[PDB]
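Participant: can't give you the sequence, but here's the structure:
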Ligand SMILES: CCCCCCCCCCCCCCCCCC(=O)OC[C@H](CO[C@@H]1O[C@H](CO[C@H]2O[C@H](CO)[C@H](O)[C@H](O)[C@H]2O)[C@H](O)[C@H](O)[C@H]1O)OC(=O)CCCCCCCCCCCCCCCCC
Ligand code: CLA
Ligand code: CLA
Ligand code: CLA
Ligand code: CLA
Ligand code: CLA
Ligand SMILES: CC1=CCCC(C)(C)[C@H]1/C=C/C(C)=C/C=C/C(C)=C/C=C/C=C(C)/C=C/C=C(C)/C=C/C1=C(C)CCCC1(C)C
Ligand code: SF4
């Protein structure tokens, strides 16, 4: 299909790749009589591993010749051809994960800025003031636009330069 | 190749002799 | 002569339980190069109960040291003259630690 | 000219406080080349928190 | 208790405590929801 | 297969390219 | 011989002159200073290049700046 | 000045050996001497170019002459595939009976070097087929070079010494170098192709004897002058055409069929004859652009000065640049290396995939030894393009006349450029390494199914536009419908779609997950190399720490351990750090090129795209298998024919490892050590009588780093030069 790939469920080497692991695993657990937890621990992993195979085959990942599932970047490809969960969705997740801690770091420096000596306030955090920021940081996309358009996000031209 | 005796003549001259002279003369010119 | 030494055991999560090697005695864990097992045989330690008794006793006397550490700085701290006695200190370390500590072990 | 305690911005090209606010600790009434003395909460590379400037450079805000 | 808090508010303490709250959480998310390659569920 | 005669012709021809450098390098360093 | 030159910015703190291990910088009296004192470098001969001067200047950007020139028997500090 | 460094009296008088060391390394810097006027500075330069230009020719006449004399040619010409080209013989007084014999591999009697240079085919695909031709050719370059050493001597005398403003006339050079140097040469070269190479490709011997008795084409110039130009293109060769003979040989001269020449698996010659003949016509037209004595043309400056955009986004735009450029040499040299540097690489990108010469991509190891040459030699040239970019800003840049220019706008924002390169280089830093590590762990714990693998979508779709049909796309040349395939269907599509779809030739190798992850490392290496160099240029003037660097010199050790202990504060030390990255981002390339090809030369695509993702395959597969052949050279059981490289590969490390002694251990330690020795030698008996003139001293700060980075590179090159050659010479792909 896409890019000369095939869905991993209808792949073949992928099916080798799944059923070659259990063999090497089970031939190993034949050395432990069931009265041993190692007989159970190995068993539980073989059943744990097969779950993910039926998951990867189902979810529709694309395995190339090797049988290993690949991904696809472009929105116009992921979206239209149906699998965007590889990056396109989690690339939104991350930004909200990263910007949240990103923007929660900016407010704290603002709130702790005006004082007698902000320095000791950076070493020793007052967690309540940091908590009020961790709370306030949520919905940073809407709070970033506003510091952006109100003009309070940038520090403008009093920055220092050299020559 | 018909010239075969040349390398035995040159290589020692260019691997030793010239580096012997260019070692001496280039030295004496460092201090005057 | 067969079983290889092992202590550390790896929790199953994150697909890392493969680190547990098939070793011996129906067990899965990391190899040991430290050499505790081949000491504990030479100390005449057989059951697991001797080990718990050292673990606790070792962890108990450890707590006695930090109290000694607290006690000899904050509470009762020797003076300079006390640390200036080498010949006492050397009589004791050489006889007390090494002299008695060898007999005790020779016993 | 400029007065003590009032905030300042510094346009001196070579400086660690160039375009950075500072508070005058003292201004001399004299003919000194560099009469005004400012003070900055920030620290220089040298560890210097104070410096003398010229009237042409210091500007009060 | 005054001064015990201020110490617990030092930089390396929170750096330890708060990462060990992520680390633990991110570890256990993988305990119940194992092997998450793509967001498909 | 190159004739032994040609060989010395070339080596002598490259011998002149040794003097024209010495004449250059002098005049250049002498400046 | 190294070059050392001094600028308007001096406060006359003498903190340079105390630094020089060869005692190059020597305080010359002056007028426009707050303390009415200015350093100066009569010997560019014996500046070794330590730049212990430039570390000592309390001035924001230095009143002394050592410009390393060529290096002689003295300015290499040779015992040989 | 009496003593050795005659050109500077600061060095001329030094009691120590630093007079000696700098005397060598300060030589070629002509802006710094006793008194160098503007006129006499251009003099020594323009004389020196005669030096470089003459040195090259002799170097070529050597290659020609040796192959003509100590090497085999005819025997190779007969069997290009099944026999090895030979280079100069191995003369060592040091050998045993075994190593002599083991190195006599070839057609010759004595021990010789199989020549991996690659020059040996470019003679045959131009075509010669006698050792006489090589000797005949090796004499000219000896003669011709003699003309410059004459010219070099000839232009330094007062009479023929050219005036300064002769050098600064930039509209005459361009007109000449474009049309005369570039263009006219391209004519002559198609002249050579049509008259010599192409007929000799079909097995017709033409030399300076029979040259003008034999038509290159059956027609005359009738078709050329009537205006009818499809005759020359009318009768191309056959697919089964056998090279250097006449079998089904087409009659055409100027054609292009695209694709290769399946016997030689190289480019069609008529296709090249058509090429240069077009380039000849372009330059010759483009050399009349700039004005000369005849008053018709353009003025360089009044082209520029009208380009300030009518907004002010660029402010004054290009204004007084033709001042800075035509005055600053280093500015002109920064462009020269940057322009020529990239092309060196561009050569290497095309020349493996489009193997112009006949019967390369057959013998493999002469591609590897080349592609790496032109990547490294392209690396150094760019790192020098930025250095002289810094020497520009540190010295001959003027902020006054440039006020509001485009150069001054960049210095106005230094950080933006510096800061964003610092973001891109970190992004590629964490994520590219972060994936290799993730892929490693997943394959360590035994499930590769968990790996992060991304398919390089774009460069796949780019190859789809190119028309590689292995993918599912069909846009432009891939789709027979698109208004592209229909346009070129008549000319270069039919051939060039065979070469791209016949997965033997390396044209557009199929890409994949390993291909994806590497191109980001490559992309990483390009940014952090620029990030360093772009910094050293913009901070050459000054930074917040030391804003004197404009007046403190260019290359200086430091400002001393004040105000935070400045070290490497200069702009030379900034460049100094680029080389270390230059040698990675080139090392990553030349690795990634080698081991993608190894699998393809060895007939398997699965060694790479399987194990290419995780970093162990690079170590476990590419490094481990290749090393087995190299280390057996010096084997105590006997000498292999790779024992040459087995030794050097060790010589490569020991220099690299020596290089750390200079980079790590700094001076003050060694200066106190020499003190103890100059005391011992001084007060010891029988050595009292023998003493030094120049008092020994631990060499200068900057001197060591320079010496240090030399060892680092010389060692970095010889290992990979030995590993590459002796891996493909041991296996033969
Ligand atoms: C190509 C080699 C030929 C073929 C090989 C032959 C074997 C090589 C044997 C080595 C022979 C040379 C050894 C040189 C060591 C000395 C280097 C040194 O102390 O040199 C340091 C000098 C010292 O700097 C100069 O130092 C000068 C010192 O001042 C002097 O100059 C002042 C300027 O007027 C005044 O005159 C003053 O009186 C006087 O003191 C000034 O400071 C100059 O401004 C400053 O530039 O630095 C310089 O200028 C730097 C100039 C070098 C830049 C090139 C560096 C490139 C690094 C190599 C790249 C890796 C290559 C690996 C290749 C591997 C593949 C095979
Ligand atoms: C939370 C505060 C904060 C914020 C808002 C930023 C924001 C920024 N940094 Mg940054 N940085 C920070 C902390 C922060 N940084 C710290 C603590 C360090 C190291 C000690 C750095 C080191 C750093 C470098 C070296 C670079 C940046 C860059 C950047 C810019 C691009 C973003 C990026 O890719 O960074 C990527 C971030 C990193 C590589 C490291 C960040 C590591 C985390 C985020 C620091 C921990 C945050 C802190 C614990 C939050 C406490 C919250 C609590 C008190 C309430 C952006 C302006 C880049 C730049 O200028 O490009 C424009 C750049 O080159 N920063
Ligand atoms: C028989 C008498 C005796 C003994 C056994 C020791 C034993 C020891 N002394 Mg010591 N000491 C003594 C007399 C003695 N001292 C006297 C009289 C002086 C005065 C000059 C000192 C002054 C002195 C100094 C200044 C230092 C020591 C240190 C040490 C320890 C050696 C470091 C080490 O590896 O320990 C190995 C540890 C073990 C083998 C574990 C056994 C430890 C247990 C608790 C036995 C300790 C007995 C000890 C005598 C205390 C008993 C009295 C107390 C319980 C009331 C060791 C515990 C060093 C040390 O560790 O400081 C804390 C050290 O720096 N001693
Ligand atoms: C037609 C007239 C003409 C011609 C032929 C030349 C020719 C030359 N001049 Mg020149 N000059 C002229 C007029 C001319 N000039 C005039 C009128 C002036 C006064 C304004 C000057 C002023 C002048 C100066 C001041 C200097 C020169 C220099 C040079 C030399 C440059 C080095 C060189 O050849 O690069 C070799 C490069 C090529 C032959 C082509 C390179 C093209 C690109 C880079 C690559 C293309 C090749 C191909 C793709 C690669 C494959 C190669 C193959 C082996 C595989 C060259 C001999 C310089 C020199 O060397 O000093 C003598 C120099 O310093 N000239
Ligand atoms: C045509 C290209 C070209 C030209 C004309 C110049 C010209 C110049 N460069 Mg320059 N440069 C170039 C390319 C070029 N460079 C490239 C490609 C780089 C990057 C590597 C540099 C990096 C560079 C730096 C960093 C500096 C210069 C400097 C200079 C000036 C003085 C050079 C000097 O003193 O050398 C004199 C001769 C030597 C120093 C010879 C030293 C030998 C070197 C170290 C190589 C040793 C390794 C050797 C090959 C190993 C042999 C292996 C074997 C034993 C097995 C001069 C204007 C210097 C300058 O202007 O400072 C003010 C300076 O500091 N250049
Ligand atoms: C393998 C060795 C190595 C590595 C990894 C780096 C990495 C880096 N160099 Mg560097 N460098 C090196 C060798 C190396 N260099 C050498 C030999 C030289 C010659 C002197 C230089 C010279 C040099 C210069 C001159 C410059 C750099 C720059 C950079 C940065 C480029 C951006 C990047 O890729 O970030 C990727 C970053 C990483 C891969 C760091 C990985 C560490 C992980 C992600 C975090 C820690 C892991 C773990 C949590 C630690 C646990 C520890 C334990 C106590 C808990 C980066 C930090 C440039 C820079 O500043 O960039 C902004 C720059 O200007 N370097
Ligand atoms: C730092 C320094 C000191 C002071 C002055 C100085 C100018 C020297 C300054 C600059 C130094 C240097 C070396 C700067 C830049 C170096 C570099 C990396 C130059 C490379 C530029 C690359 C360029 C354009 C590529 C442009 C686009 C290309 C090919 C592709 C075109 C095309 C595409 C993409 C598809 C095929 C067909 C078509 C349309 C032709
Ligand atoms: S130079 Fe710096 S230190 Fe020496 S006197 Fe002037 S100000 Fe005080």
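Facilitator: On my side now, so go ahead. Numbering: from 1, shown residues only, chains lettered A, B, ... in the order given. Ligands and ions are numbered 1, 2, ... in the order given.

Participant: need the contact list for residue H:539.
Facilitator: Contacts for residue H:539 (CB atoms under 8 Å, 6 or more residues apart in numbering or on different chains) come out as H:414, H:549, H:571, H:574. To be clear about C-beta, it is placed using only N, CA and C from the backbone, and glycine gets the same treatment.

Participant: how about the first one: what's its closest non-neighbour residue?
Facilitator: Same thing as residue H:414. Spatial nearest neighbour of residue H:414, excluding adjacent residues (CB to CB, 6 or more residues apart in numbering or on different chains): residue H:538 at 4.4 Å.

Participant: the third one now?
Facilitator: Once its chain neighbours are removed from consideration, residue H:571 has its nearest residue in residue H:540; the separation is 4.0 Å (CB to CB, 6+ apart).

Participant: check the last one too.
Facilitator: Beyond its immediate neighbours in the sequence, the residue positioned closest to residue H:574 (CB to CB, 6+ apart) is residue H:536, lying 2.9 Å away.

Participant: as a markdown table, the contacts of residue H:539 with neighbour count, secondary structure and distance to residue D:39 would be great.
Facilitator: A markdown table is the format used below for the contacts of residue H:539 (neighbours: other CB atoms under 10 Å in any protein chain shown; DSSP: H, G, I helix; E, B strand; the rest coil; distance: CB to CB, whole Å):
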| residue | neighbour count | secondary structure | distance to residue D:39 |
| --- | --- | --- | --- |
| H:414 | 20 | coil | 28 |
| H:549 | 21 | coil | 28 |
| H:571 | 28 | coil | 34 |
| H:574 | 22 | helix | 34 |
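
Participant: quick one: the residue of chain B found nearest ligand 4 from chain G, how far?
Facilitator: Relative to ligand 4, the nearest point of chain B is residue B:1 (27.0 Å; CB to the nearest ligand atom). For residue B:1, the distance to chain G (CB to the nearest CB, to the nearest Å) stands at 55 Å.

Participant: show me what contacts that residue?
Facilitator: So residue B:1 contacts F:2, H:69, H:70, H:108 (CB under 8 Å, 6+ apart).

Participant: that one: what secondary structure?
Facilitator: coil (DSSP: H, G, I helix; E, B strand; the rest coil).

Participant: same question, residue F:17
Facilitator: helix.

Participant: how many neighbours does the residue lying closest to it once chain neighbours are set aside have?
Facilitator: Computed as CB to CB, 6+ apart, the closest residue to residue F:17 that is not its neighbour in sequence is residue H:146, at 4.9 Å. Residues near residue H:146, counting by other CB atoms under 10 Å in any protein chain shown, number 21.

Participant: surely residue H:146 meets residue F:20?
Facilitator: Yes. With contact defined as CB atoms under 8 Å, residue H:146 counts as touching residue F:20 (5.7 Å).

Participant: the chain: strands as residue ranges?
Facilitator: Just so you know, I chose chain A. A:6-7, A:62-63 (DSSP state E).

Participant: right idea, wrong chain: chain G
Facilitator: G:3-6, G:28-29, G:37-38, G:64-67.

Participant: also chain F?
Facilitator: Under DSSP E, chain F gives no strands.

Participant: tell me who's in contact with residue H:408.
Facilitator: H:315, H:399, H:402.

Participant: now do residue C:70 against residue E:5, distance only.
Facilitator: 22 Å (CB to CB, to the nearest Å).

Participant: repeat that for residue A:145.
Facilitator: Distance from residue A:145 to residue E:5, by CB to CB: 37 Å.

Participant: now the residue of the stretch 451-600 of chain H found nearest ligand 8. Nearest residue, chain neighbours left out?
Facilitator: The nearest approach of the stretch 451-600 of chain H to ligand 8 comes at residue H:562, 11.6 Å away (CB to the nearest ligand atom). Leaving aside its sequence neighbours, residue H:562 sits nearest to residue G:55 (CB to CB, 6+ apart; 3.6 Å).

Participant: neighbours around the one you found, how many?
Facilitator: 19.

Participant: how about it, what does it touch?
Facilitator: With CB under 8 Å, 6+ apart, residue G:55 has these contacts: D:46, G:19, H:560, H:561, H:562, H:563.

Participant: in chain F, which spans are helices?
Facilitator: Remark: helices assigned in chain F by DSSP state H are F:4-30.

Participant: show me where the stretch 551-700 of chain H has helices.
Facilitator: H:572-601, H:606-611, H:615-617, H:624-631, H:643-663, H:667-683 (DSSP state H, counting those that start in this stretch).
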